[PDB]
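Worksheet for the structure shown next.
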Amino acid sequence: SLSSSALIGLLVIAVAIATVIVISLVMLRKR
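Here mature numbering (1 follows the signal peptide of the UniProt record, and there is no 0) runs 657 ahead of the position in the sequence shown, where the first position is 1.
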């Protein structure tokens, strides 16, 4: 019942987007 180690590749993306949030504001400065 949903037991694939591949889930690691999906989790890394979640956090990969978080770091983009803090940078999102920096974009408004160069926009």
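All C-beta atoms in this analysis are idealised placements derived from N, C-alpha and C, irrespective of residue type, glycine included.
Does the beta carbon of residue i fall short of 7 Å from some heavy atom of the ligand NAP?
i	result
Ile665	Of the ligands one can find in the structure shown there are none, so the ligand NAP has no counterpart to examine.
Rounded to the nearest angstrom, what separates residue i and residue j at their Cα positions?
i	j	result
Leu668	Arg688	30 Å
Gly666	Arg686	32 Å
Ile678	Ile670	13 Å
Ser681	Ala675	10 Å
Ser660	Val672	21 Å
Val683	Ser662	35 Å
Can you list, in chain order, the residues of its chain with a C-beta nearer than 6 Å to that of residue i? Leave out the 5 residues immediately preceding and following it.
i	result
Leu664	none
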